[PDB]
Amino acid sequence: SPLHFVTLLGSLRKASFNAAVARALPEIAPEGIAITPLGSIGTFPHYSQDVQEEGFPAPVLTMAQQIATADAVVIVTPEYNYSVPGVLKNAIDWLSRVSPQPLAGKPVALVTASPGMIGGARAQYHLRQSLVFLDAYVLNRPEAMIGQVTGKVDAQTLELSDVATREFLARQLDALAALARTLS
């Protein structure tokens, strides 16, 4: 049983640490699980009910269908102002108005990375609150808060090289895989 996971990325900057983390998920995945990245949340317009009425942005239905046809989603994001980046919450707001709504019943795992010690934990719980409304099924264990990320991805090379973080994340994908196969 080959699973397909897609990753949703909360940062827009080229040198993003969270992006480096996301890029590593596919090389980290345990055999039997392919992982690809979704489109950029940066292509979405700001959510407006007027825009919705005129019609859903193509990039939003694209992301909706890729999530819906995926076996699980891994959300990978920094924490902004003790919460979720507004850009990322904005992508969530759009996906939440689609019918059928793509996150409903969808296995979901969260990963946050910060240069600081909290490792973006404040973000994960606000994001959970929204996901309750969307009826996603978010993995409780293990939680992935990557503090001091600056020390875990080597500079100029962009890559996540920290061995223990790769182990941790690889095991989180396994649990996500097990969660998905159990709601199947």
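So that there is no doubt, residue numbering starts at 1 and follows the sequence shown.
*Looking only at CA atoms, which has the higher mean B factor in the entry: 4-12 or 175-183?*
So the stretch with the higher mean C-alpha B-factor is 175-183.
*Identify the stretch, either 40-48 or 25-33, whose C-alpha atoms have the larger mean B-factor according to the entry.*
25-33 has the higher mean C-alpha B-factor.
*Checking the entry, which one of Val153, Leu139, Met63, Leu131 has the top C-alpha B factor?*
The C-alpha B-factor peaks, among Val153, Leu139, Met63, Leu131, at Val153.
*By its CA B factor, does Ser99 count among the lowest, middle or highest third of the modelled residues in the chain?*
According to the entry, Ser99 has a C-alpha B-factor in the chain's middle third.
*Once the chain's modelled residues are ordered by C-alpha B factor and cut into thirds, is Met145 in the lowest, middle or highest one?*
Middle third, going by the recorded CA B-factors of the chain.
*Of the three thirds of its chain by CA temperature factor, lowest, middle or highest, which one includes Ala58?*
CA B-factor rank for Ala58: highest third.
*In terms of the chain's CA B-factor thirds, is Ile118 lowest, middle or highest?*
Ranked within chain, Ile118 CA B lands in the middle tercile.
*Please rank the C-alpha B-factors of the chain's modelled residues and tell me whether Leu88 sits in the lowest, middle or highest third.*
CA B-factor rank for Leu88: middle third.
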